[PDB]
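Before any comments, here is the structure.
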Amino acid sequence: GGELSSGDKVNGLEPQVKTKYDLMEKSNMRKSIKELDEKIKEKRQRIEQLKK
Amino acid sequence: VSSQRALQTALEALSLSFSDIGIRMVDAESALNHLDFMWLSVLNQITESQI
Amino acid sequence: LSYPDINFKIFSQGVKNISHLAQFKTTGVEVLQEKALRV
């Protein structure tokens, strides 16, 4: 990352990959997978109460 | 006013924006501090010559 | 005179942290992030 000697302020691919790795570490949202499975089981519990 | 929950939230974001603007006003205040002290030094040395 | 220690481990660590935390905060202030880009 930085300005090329040709004159281009590129960002460098390694911090971009590192940033998307930070996404796939945190913005991967495994906690949201947990909470959406919780949403599934709550809606499913409600509608099976509705079944009975 | 339960709609002003969200309107209050928009006011809170507006107050965030205003806090940003005030921070940059403090930055401009220090800018004008150093700047106007330079201008004073300029007029000082002019008067030093003129006396 | 004396030549005190200049720990480039800490230096390269800080450079890696700055480049690591450069494009982080996308919230709405963002002129702080502009200053971080300057840094």
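Labels used: A, B, ... for chains in the order of the structure tokens, numbers from 1 for residues in each chain, and numbers from 1 for ligands as shown.
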
Within 9 Å of segment 9-19 of chain A using only C-alpha atoms, minus same-chain residues under 5 positions, as a count of residues only: 11

9 Å contacts from chain C to chain B using only C-alpha atoms, as a list in words: residues 28, 29 and 31 of chain C

Would you export the selected residues with N, CA and C atoms as a short mmCIF file (atom, residue, chain, number, x, y, z; two decimals), in the first residue's frame, please?
```
data_model
loop_
_atom_site.label_atom_id
_atom_site.label_comp_id
_atom_site.auth_asym_id
_atom_site.auth_seq_id
_atom_site.Cartn_x
_atom_site.Cartn_y
_atom_site.Cartn_z
N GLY C 28 -20.12 7.91 9.86
CA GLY C 28 -20.79 9.16 9.58
C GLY C 28 -20.01 10.41 9.95
N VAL C 29 -19.01 10.28 10.82
CA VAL C 29 -18.13 11.42 11.08
C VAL C 29 -17.15 11.58 9.93
N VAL C 31 -14.45 12.37 8.78
CA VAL C 31 -13.34 13.28 8.59
C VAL C 31 -12.23 12.89 9.55
#
```

Straight-line distance linking atom CA of residue 26 of chain C with atom CA of residue 13 of chain C, stated in Å to one decimal: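 A separation of 23.3 Å between them.
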
All helix (DSSP H, G or I) residues (DSSP, backbone) inside chain C, as a VMD selection string: chain C and resid 8 to 20 31 to 38

Keeping N, CA, C and O atoms for every residue in the selection just given, could you write it to a file as a tab-separated table (two decimals), in the first residue's frame?
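Output contents, as saved in result_21.tsv:
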```tsv
chain	number	residue	atom	x	y	z
C	8	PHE	N	12.20	-0.80	16.30
C	8	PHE	CA	11.46	-0.91	15.06
C	8	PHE	C	10.47	-2.06	15.04
C	8	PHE	O	9.67	-2.14	14.10
C	9	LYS	N	10.51	-2.95	16.04
C	9	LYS	CA	9.42	-3.90	16.19
C	9	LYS	C	8.12	-3.19	16.52
C	9	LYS	O	7.09	-3.42	15.89
C	10	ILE	N	8.18	-2.27	17.49
C	10	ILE	CA	7.04	-1.44	17.84
C	10	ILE	C	6.65	-0.55	16.66
C	10	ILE	O	5.47	-0.34	16.39
C	11	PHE	N	7.65	-0.07	15.92
C	11	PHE	CA	7.41	0.81	14.78
C	11	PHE	C	6.66	0.09	13.67
C	11	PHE	O	5.63	0.58	13.18
C	12	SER	N	7.17	-1.06	13.25
C	12	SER	CA	6.52	-1.83	12.20
C	12	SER	C	5.18	-2.37	12.67
C	12	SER	O	4.25	-2.49	11.86
C	13	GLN	N	5.05	-2.66	13.97
C	13	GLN	CA	3.77	-3.04	14.54
C	13	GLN	C	2.76	-1.90	14.42
C	13	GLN	O	1.61	-2.13	14.03
C	14	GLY	N	3.19	-0.68	14.70
C	14	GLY	CA	2.29	0.45	14.60
C	14	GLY	C	1.92	0.76	13.16
C	14	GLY	O	0.78	1.13	12.88
C	15	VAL	N	2.87	0.61	12.24
C	15	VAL	CA	2.59	0.78	10.82
C	15	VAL	C	1.58	-0.25	10.34
C	15	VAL	O	0.62	0.08	9.63
C	16	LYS	N	1.76	-1.50	10.77
C	16	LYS	CA	0.82	-2.56	10.44
C	16	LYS	C	-0.54	-2.32	11.06
C	16	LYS	O	-1.56	-2.67	10.46
C	17	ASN	N	-0.59	-1.70	12.24
C	17	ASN	CA	-1.87	-1.41	12.86
C	17	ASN	C	-2.58	-0.26	12.15
C	17	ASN	O	-3.81	-0.29	11.98
C	18	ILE	N	-1.82	0.75	11.73
C	18	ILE	CA	-2.39	1.89	11.02
C	18	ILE	C	-2.94	1.45	9.67
C	18	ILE	O	-4.09	1.74	9.33
C	19	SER	N	-2.13	0.74	8.90
C	19	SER	CA	-2.59	0.16	7.64
C	19	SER	C	-3.69	-0.86	7.86
C	19	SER	O	-4.56	-1.02	7.00
C	20	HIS	N	-3.67	-1.53	9.00
C	20	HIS	CA	-4.69	-2.48	9.41
C	20	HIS	C	-5.98	-1.79	9.80
C	20	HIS	O	-7.07	-2.29	9.50
C	31	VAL	N	-14.45	12.37	8.78
C	31	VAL	CA	-13.34	13.28	8.59
C	31	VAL	C	-12.23	12.89	9.55
C	31	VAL	O	-11.05	13.11	9.26
C	32	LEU	N	-12.60	12.24	10.65
C	32	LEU	CA	-11.61	11.54	11.46
C	32	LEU	C	-10.96	10.42	10.67
C	32	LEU	O	-9.75	10.20	10.76
C	33	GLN	N	-11.74	9.71	9.85
C	33	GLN	CA	-11.14	8.67	9.02
C	33	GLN	C	-10.31	9.29	7.90
C	33	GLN	O	-9.32	8.70	7.48
C	34	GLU	N	-10.71	10.46	7.43
C	34	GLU	CA	-9.92	11.20	6.45
C	34	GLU	C	-8.57	11.60	7.03
C	34	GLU	O	-7.53	11.46	6.37
C	35	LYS	N	-8.57	12.06	8.28
C	35	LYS	CA	-7.32	12.34	8.99
C	35	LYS	C	-6.52	11.08	9.22
C	35	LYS	O	-5.29	11.12	9.17
C	36	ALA	N	-7.19	9.96	9.47
C	36	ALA	CA	-6.47	8.69	9.61
C	36	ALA	C	-5.84	8.27	8.30
C	36	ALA	O	-4.75	7.69	8.30
C	37	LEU	N	-6.50	8.57	7.18
C	37	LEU	CA	-5.91	8.33	5.87
C	37	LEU	C	-4.69	9.20	5.66
C	37	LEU	O	-3.70	8.76	5.07
C	38	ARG	N	-4.76	10.45	6.13
C	38	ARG	CA	-3.60	11.33	6.09
C	38	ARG	C	-2.46	10.75	6.91
C	38	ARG	O	-1.31	10.73	6.45
```

Among listed residues A:35, A:22, A:48, A:42, nearest chain C (using only C-alpha atoms):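 Of A:35, A:22, A:48, A:42, the one nearest chain C is A:22, counting only C-alpha atoms.
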
Separation of atom CA of residue 23 of chain A from atom CA of residue 25 of chain C, in Å and rounded to one decimal: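 Here the two named atoms are 12.8 Å from each other.
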